[PDB]
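What follows is each chain in one-letter form.
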Amino acid sequence: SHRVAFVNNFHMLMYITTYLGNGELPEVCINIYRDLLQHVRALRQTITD
Amino acid sequence: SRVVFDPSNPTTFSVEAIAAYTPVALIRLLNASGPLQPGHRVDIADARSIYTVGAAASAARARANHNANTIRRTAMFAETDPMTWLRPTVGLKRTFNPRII
Amino acid sequence: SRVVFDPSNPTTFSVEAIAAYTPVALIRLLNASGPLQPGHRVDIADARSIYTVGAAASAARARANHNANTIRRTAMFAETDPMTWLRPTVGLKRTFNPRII
């Protein structure tokens, strides 16, 4: 299942994203994680702007 | 011994000694042949509790022997720097073989 | 009991005794029928039904004789008993080549 999976959990998702970028290169997952983080940051900053 | 009125008695020793699949199959095949009127009024909660505690004890006993082959293990939690003034705290990097066998 | 003139004698007696391949070949090589007047040629539906019943019995007997690698069978429906508080073995049905049994 190349489709996106295991997205309901959110508390562990940020920890996994911030701990999986030390010495590993899981590009397929980190690209989606960074895109989601950027979208969330933009949505949050729209109100504050 | 093997009285169906007290199914919770002849399961603890079987779970403790002879694995768990055989006592599980024996319990499944024995089921509830008799009605609720005979025996005791403990229903099945006590039997379930004794089965769970026996399974937990067996698993702990197995893990005690299984973990005796380890050498060392690191902790991923913070505040685990014996010498903070020497080098900054860093995480565990997986570069070596995950296991020997 | 193997006369092709009357299609009532070689129906089940000569089919369920041994493998049906030889009677089938004999019937195929011995045409279909001859004089239908001196015999029980009426009501061919009953003769066909008894012949098919005998063929099915012979096939079932052959399958049972040759099923030396598959003798244990169970059911597919679950929760058939009140004592279903545990999860039994899952395994798989007869959907693989015979290697272990």
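Residues numbered from 1 in each chain as written, not as in the entry; some residues may be left out. Chains lettered and ligands numbered in written order. Part of a larger assembly, values for the part shown. Heavy atoms only, no water. Residues with missing side-chain atoms left out of burial classes, pairs and counts.

In its metadata, the entry names cryo-EM as the structure determination method and reports 8.3 Å as the resolution.

As annotated in the PDB entry, chain B is Small capsomere-interacting protein from Human alphaherpesvirus 3.

Per the PDB entry, chain A carries the name ORF40 and comes from Human alphaherpesvirus 3.

Caption draft 1: Focus on the overall build of chain A. Summing up its helical and strand segments, chain A has two helices and zero strands in all. With respect to the three principal axes, the spread of C-alpha positions in chain A is 35 × 25 × 20 Å. When burial is assessed residue by residue, chain A has 4% of its 49 residues classed as buried. Accessible area for chain A stands at about 5,100 Å²; split by element, carbon and sulfur atoms hold 59% of it. Charged side chains of chain A number 4 positive and 4 negative; the gap between the two group centres comes to 8 Å. (Helix = DSSP H or I, 4+ residues; strand = E, 2+ residues; numbered from the N terminus. Buried < 20%, exposed > 50% of the residue type's maximum accessible area, 1.4 Å probe, protein only. Areas by Shrake-Rupley, 256 points an atom, 1.4 Å probe, with all protein chains shown as cover. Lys, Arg positive; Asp, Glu negative; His and termini not counted. Charge placed at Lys NZ, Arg CZ, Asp CG, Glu CD.)

Caption draft 2: The overall build of chain B, seen in detail. If you tally the helices and strands in chain B, you get three helices and zero strands. Reading chain B from its N end, one meets helices and strands in the order α-α-α. For 101 residues, the compact-globule estimate of 2.2 N^0.38 gives 13 Å, and the C-alpha radius of gyration of chain B, at 23 Å, exceeds that figure by more than 25%. Here the C-alpha coordinates of chain B stretch approximately 75 × 30 × 20 Å along the principal axes. (Rg over C-alpha atoms; globule rule 2.2 N^0.38 Å.)

Caption draft 3: Structural context of the interface of chain C and chain B. Each partner contributes residues to the interface: chain C has five residues there, and chain B has seven residues. For chain C, the biggest contributors to the area lost against chain B are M83, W85 and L86 of chain C; these three give 72% of the whole. The interface formed by chain C and chain B includes zero residue pairs in polar contact. Its residues placed into classes, the side of chain C that touches chain B shows three nonpolar, one polar and one charged. (Contact = heavy atoms within 4.5 Å. Buried area = accessible area lost by both parts, 1.4 Å probe. Polar contact = N/O pair within 3.5 Å; in protein donor to acceptor, adjacent residues only side chain to side chain. Nonpolar A, V, L, I, M, F, W, Y, C, P; charged D, E, K, R; others polar.)

Caption draft 4: Expanded view of the pattern of salt bridges. Residue and element names in this part refer to chain B. In this structure the tally under the stated criterion is one salt bridge over all chains. One salt bridge in this structure joins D81 and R87, with 4.0 Å as the shortest N-O distance. Relative accessible area serves as the criterion here: at 39%, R87 is assigned to the partly exposed category. (Salt bridge = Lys/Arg side-chain N within 4 Å of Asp/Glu carboxyl O.)

Caption draft 5: Highlighting unusual backbone geometry. Residues and elements named next belong to chain B. In this model, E79 sits at a positive phi of 55°, which is unusual for a non-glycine residue. Its place among the elements puts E79 in the segment after α3 (45-66). Taking the relative accessible area as the measure of exposure, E79 reaches 81% and is therefore exposed.

Caption draft 6: Molecular detail of the packing of aromatic side chains. Residues and elements named next belong to chain A. The tally for this structure, following the rule as stated, stands at one aromatic pair over all chains. With 6.4 Å between their ring centres and 25° between their planes, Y15 and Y19 make a pair best called stacked. Here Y15 pairs with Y19, and both are found in helix α1 (residues 11-19), just four residues apart, close to one helical turn. (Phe/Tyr/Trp six-rings, centres within 6.5 Å; stacked < 30°, edge-to-face > 60°.)

Caption draft 7: Quick peek at the arrangement of the chains. What separates chain A from chain B at the closest point of their C-alpha atoms is a distance of 7 Å, and the two make no contact. Nothing in chain A touches chain C; the tightest C-alpha to C-alpha distance between them is still 23 Å.

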